[PDB]
Amino acid sequence: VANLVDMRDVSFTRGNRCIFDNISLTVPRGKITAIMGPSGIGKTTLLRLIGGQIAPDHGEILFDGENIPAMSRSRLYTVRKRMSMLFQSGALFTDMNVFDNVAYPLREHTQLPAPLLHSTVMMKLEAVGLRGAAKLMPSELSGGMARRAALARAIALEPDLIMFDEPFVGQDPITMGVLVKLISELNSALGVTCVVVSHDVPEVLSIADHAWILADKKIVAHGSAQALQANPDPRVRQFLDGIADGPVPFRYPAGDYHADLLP
Amino acid sequence: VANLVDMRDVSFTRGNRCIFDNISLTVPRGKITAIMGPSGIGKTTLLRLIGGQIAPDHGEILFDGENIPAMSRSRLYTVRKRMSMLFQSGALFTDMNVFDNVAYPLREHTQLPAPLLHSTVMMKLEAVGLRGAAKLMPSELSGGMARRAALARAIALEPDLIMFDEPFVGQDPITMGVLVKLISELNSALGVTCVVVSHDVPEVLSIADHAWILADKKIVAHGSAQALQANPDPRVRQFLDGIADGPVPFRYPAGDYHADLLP
Amino acid sequence: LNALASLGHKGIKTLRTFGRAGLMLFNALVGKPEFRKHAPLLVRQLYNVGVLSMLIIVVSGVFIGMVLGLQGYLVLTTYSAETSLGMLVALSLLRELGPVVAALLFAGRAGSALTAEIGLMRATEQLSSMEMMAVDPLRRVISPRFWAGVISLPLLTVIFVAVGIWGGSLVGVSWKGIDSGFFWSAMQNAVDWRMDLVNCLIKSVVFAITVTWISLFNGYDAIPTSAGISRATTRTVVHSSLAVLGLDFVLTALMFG
Amino acid sequence: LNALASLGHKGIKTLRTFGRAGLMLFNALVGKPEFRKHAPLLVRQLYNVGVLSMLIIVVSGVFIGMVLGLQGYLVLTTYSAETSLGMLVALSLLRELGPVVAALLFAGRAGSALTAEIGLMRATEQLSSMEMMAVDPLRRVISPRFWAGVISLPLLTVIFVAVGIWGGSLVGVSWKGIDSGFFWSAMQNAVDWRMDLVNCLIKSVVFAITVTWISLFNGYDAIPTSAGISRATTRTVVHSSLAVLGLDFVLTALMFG
Amino acid sequence: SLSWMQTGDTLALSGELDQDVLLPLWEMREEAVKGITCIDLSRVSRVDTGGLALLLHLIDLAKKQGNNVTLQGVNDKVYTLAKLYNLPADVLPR
Amino acid sequence: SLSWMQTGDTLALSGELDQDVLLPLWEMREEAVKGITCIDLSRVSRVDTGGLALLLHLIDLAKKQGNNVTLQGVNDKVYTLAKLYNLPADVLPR
């Protein structure tokens, strides 16, 4: 199959608020796919539909041709060894120093000796540049580097899909430059399909091959990087440029003056 | 005095880690001054030296000609009515809805009736665009808008100096576009001197009149926006562009191979 | 030795933790009365500390008085002295159980909620933004919560003793069939106003100062992270329970020794 | 009426909170034993729950036994029965004070630290990143902490009774001068192995299941914010203390009624 | 430092419209806007948000009991504040 | 699916160097690198990080008891992994 992930027509509701009415998006194999949008639309829920967590209300999510919501529990656990997820916190366990975090999925689904496990984790920690930090605890890790240590844990079982949940958020320009270099290197080597969810437009568009913009609950635009910087939609142009006023209003919906100004 | 704030030769230590060896910077009156640098250098401590909080070890901070560390407690409280500070959280009190947050310094140092206090807070809430959100609690505020409600509280007593502590961090491009419009409007009107501390380079340089780059514990560069995009220093060029490797190394300081690779 | 130098290092930083706690309470309670600004602040804190603690106090007092009435009945019925059950239940609550058990439940419910509240106000920079408006946070935040705890634990103790005596009579008179005229009259000429009622109030005021001072300081001195607040909330329950039970022995040797 | 519909709305969502708690414990304790993977995980949790609770248990047991020895001396010396002080101290600890007070201090110190720990593991997405590695977090995180609490509260109760009996003899024999041969021999033929020692262990196992199940569920079901974790930590201390004291009355009416 | 003097139909203000010195002029309402048709304001030093809200209440009072009220003499920095606070044209003329 | 056959001084591997099928070849060490001077590797399908670490341990063993060891036949995708993992030139030749 040319598409690794294929969401057909997905809907979701959280209590009574509606997120994602009838969205549809494809993730090609071997390419970096971006999903961008505003900062309250709940687009980290999109990675939990793909990951085999909370079920949709109506739709079909296909991981390499197989439907994830209509799937057994034991079938879900052996499919989840093919995909990985890097959380925004860098979700490291708070005991177990950086060596024991990376080696944790390799002590669970493998039969490797105590040598070739020391060599494998040291090679994974070197690909992200934290081989010297192998004995530090995660409380000393200065959380720009906690996302790099949780990226070495994500490539441990050699997955087919890595889902990134806001990699560039609150980060310095040097730290954003390191993470852009690492996602580009792990896609050239290893052939991994990457799905990046973010709202940092100039960093993400420098590496993505196909972007999808989720302005309202629909999927209002998609295309390449050059084909999105020429789109004429007003909702698309406000997000990609940073205009203060547009279809998302600067003023809150208020009443009128002369009733609170002169009550 | 042409300089509102004037740090002469300041030093600070936190236990035994040294921050800011011998820095010196001036803040002109009526201009927006930026202070940029990496994301672990403790540059929010710089706003607490100016604010009349924790004292330096060696130096002289002059607010309009008067030394803040050599100052009485009752003299400090009447000088602190001239400066304000916008914290990164948008430090709103968690009871007391958005009207009562903005009206809190106006019920403390003023004698205004119950009319002209309703009209003053409604004018301040309209300048930031949250007049309709006047009865919401801060737990419902969607924290891009919590920084706008805490900006209406900061302009309540008509200060001379507003210190911004990372206004653009983890924010969407539309939300960053609103805050750039508000700091530019409150400096054109009202003549306020603004001091912005950040590590978001393209947003801050679009409004700043003079930037100061704090790479190591020194004050390694300063100048205008065009005069900083032509500086040839290697430490300056890595921060302003986002290079992964340079004088701040990509690799952690490690040992060698052939001892952990082949132990 | 490298062990004696490390022990004297922890003995120095324990001294200046007691000194930071004495400076926090002195600068909160002293200077410029402000009876009109602080009177609405006292009533809101008297809701969080006092009204929200009434469920754990009323329900626990009925169960403890019912266990006392059942366990004291089986002892006294051997010696045909079961009409003295009301004297036994009332005196064992006015000493040593009314003051102590209501202070251990106050430290777990209201003492934990006070450490967690103040440490959250430093994690979100609310106490630093009050100093920038030239408002002293020690007089505006700390001191209305101190007086709300010193007022409400003596009031919660007298509710604990009242519903505990009622639960003891609910077992003795209603279930076991002791004569209710003998039950109540034996209690009334055994309970003195000075040895029993006043000594119950002295204990619950000493406990209310200690529990509230420990609980307010551990939030003010906490490390303002999400893990450092939870560590300080646990530290309140340990330090309050060791201080309530320790002071309870010293006041028992004084008042009834 | 608009009041009856709101009361039945809270009565429905209370039923499915009890159902979520029954599903959490069933899916944690049942299936595929794994005695070698979980044996290092049990020893680390037996340090956090058991070893770190020994300070509040040993110090509180000495003070409570000393108050019992001082208050029971003044009662018994009226009837010249003060050689029966050791029978009074030991029996009032093996029933109703050893089990109960050690469970209230276990709920405040170890029950609060278990709710705060698990709710922090959901706020930092550690439990969701374990499901992505195809590891069940109910068997790997919840169940080693359950058995560590069921093991360590019966062991902390027997330390509480031992240092409480020693503190009672420290007042009776050493300070007041009761004959130590009369003190210890009156205790030894009053304490039965079935009515007193076994009934102390049944109470502390029922209390250990209840306190640990409440404390693990309130962290697993918490709202994963810094204010929602502190609200769930307070909810553990209230729900554990009302359940310990409520079950203590039902077991007292059964065992000694 | 804020005094007001009336010349039949003008309410010529003088001084500074700061927040602290406006309690006399606030508690002299309905007694200073009796037959006023124009507010001079040419002799004020500077004005802030507290003083601008008092100016909105005098024009509101002198309209409900009379005409439409005109102004003059403003500093053209009272107009930058009305630009920032987004005041409509009917509560502050021209 | 990983078998090895020796021809005097070559250790021609065949199959796949996945992580699961390497426990025979790991627990046949010092018995397969006796007089080996060259490792053929021309008949392997694909290799991952677990298999590449086993290859580093065979070249290390066949150097401490003998010569410098050469290779051939590699897929030129074992070289992209050694580029990514930043392996030095003395632990993997050419």
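We call the chains A, B, C, D, E and F, going by the order they appear; numbering starts again at 1 in every chain.
As a convention for this text, a residue touches a chain if its C-beta (ideal position, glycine included) is under 8 Å from a C-beta of that chain, and two chains touch if they have at least 3 such contacts.
Engineer: Which chain pair shares more contacting C-beta pairs: A-F, or A-E?
Structural biologist: A-F
Engineer: More than half of B-E's contact pairs recur, by residue number, in one of B-F, A-F or A-E. Which one?
Structural biologist: Repeated interface of B-E: A-F.
Engineer: Averaging over Cα atoms per chain, report the distance between chain B and chain F in Å.
Structural biologist: 57
Engineer: Indicate the whole-number Å distance between the mean C-alpha point of chain A and the mean C-alpha point of chain D.
Structural biologist: 43
Engineer: Just how far, in Å, is the C-alpha centre of chain B from the one of chain A?
Structural biologist: 31
Engineer: Using mean C-alpha positions as chain centres, tell me how far chain C is from chain D in Å, no decimals.
Structural biologist: Their C-alpha centroids are separated by 21 Å.
Engineer: What residues in chain B touch two or more of the other chains?
Structural biologist: Within chain B, residues 115, 119, 123, 261-262 contact more than one other chain.
Engineer: Which chain C residues touch at least two other chains?
Structural biologist: There are none in chain C.
Engineer: Which residue numbers or ranges of chain F touch two or more of the other chains?
Structural biologist: Only 56-57, 87 qualify.
Engineer: Okay, in this complex, where on chain C does chain B touch?
Structural biologist: 44, 124-126, 128-129, 131-135
Engineer: Which residues of chain B touch chain F in the complex?
Structural biologist: 257-258, 261-262
Engineer: Note which residues of chain A are touching chain B in the complex, please.
Structural biologist: The contact residues of chain A facing chain B are 38-40, 115, 118-119, 122-123, 129-134, 142, 144-145, 169-178, 180-181, 199, 201-202, 238-244, 248, 250-255, 260-263.
Engineer: How about chain B: which of its residues touch chain C in the complex?
Structural biologist: Residue list for chain B touching chain C: 51, 53, 77-78, 80-81, 83-85, 87-89, 91-95, 104-105, 108-109.
Engineer: List the residues on chain B that touch chain E in their complex, please.
Structural biologist: For chain B paired with chain E, touching residues are 110-113, 115-116, 119-120, 123-124, 126-127, 158, 185-186, 188-190.
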